[PDB]
Every structure is written in C-alpha cells, then in structure tokens.
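In what follows, a single structure is set out as structure tokens and then discussed.
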Amino acid sequence: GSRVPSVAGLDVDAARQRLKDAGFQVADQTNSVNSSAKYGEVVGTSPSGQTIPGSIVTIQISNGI
C-alpha cells in the first residue's frame with residue numbers, strides 16, 4: 001500500500017514507529033539542518049505523502065535551539 005503517513009511536525013521517534021507500522025523501513029543516516037524550529041522535530045523527509053516501499057527513507061530535522 002503506497003501511502004506514507006505524514007509525520008511532519010512530530011518527533012523522529014514517532015515518525016519511525018509510523019513507518020514500521022506501514023511495513024516501511026528506517027534509514028541509519030540522518031541529515032540535520034539549521035532553522036527557526038526545535039531540534040529533533042521532523043520537518044524534512046525523503047518520502048512525500050504517498051511513497052512506495054523499496055527505497056531508502058531518510059528522516060531530517062530542523063535544529064534551531
């Protein structure tokens with residue numbers, strides 16, 4: 001089922017649990033970017049909305065604190 005859940009604004013730990021719930025996988029390499037948001041919050045990810053399982057999904061957060 002190609003339909004990745006939206007975790008934007010949530011925590012990484014939560015976004016990781018969602019993927020596993022949909023039968024998705026989590027990548028080990030992560031990217032952090034500076035912004036006016038709270039570090040640890042997922043604001044940028046590889047997949048968008050509906051994504052098909054089989055590729056690499058990287059979770060990126062915005063560090064502002």
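Please note that chains go A, B, ... in the order of the structure tokens, that every chain numbers its residues from 1, and that ligands are numbered from 1 in the order shown.
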For this session: Determine, counting only C-alpha atoms, which protein, DNA and RNA residues have an atom within 10 Å of an atom of residue 60 of chain A; residues of the same chain fewer than 4 positions away are not included. Present the result as a count of residues only.
Result: 13
For this session: Write out as a ChimeraX atom specification the residues lying within 10 Å of residue 64 of chain A, counting only C-alpha atoms and excluding same-chain residues fewer than 3 positions away.
Result: /A:33-41,61
Exercise. Residues at most 12 Å from residue 16 of chain A, counting only C-alpha atoms, excluding those fewer than 4 positions away in the same chain, as an NGL selection string?
Worked result: :A and (4-8 or 10-12 or 20-28 or 42 or 45 or 57-60)
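Distances here use only C-alpha atoms; by that measure, the residue among A:65, A:52, A:19, A:14 closest to residue 1 of chain A is A:52.
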For this session: Please return as a ChimeraX atom specification: the residues of chain A that backbone DSSP assigns to helix (DSSP H, G or I).
Result: /A:12-21
Problem set entry | Distance criterion (only C-alpha atoms): nearest to residue 2 of chain A out of A:63, A:47, A:53, A:18 | A:53
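For chain A, backbone-based DSSP labels the following residues as strand (DSSP E or B): residues 11, 32, 33, 34, 41, 42, 43, 44, 45, 59, 60, 61, 62 and 63 of chain A.
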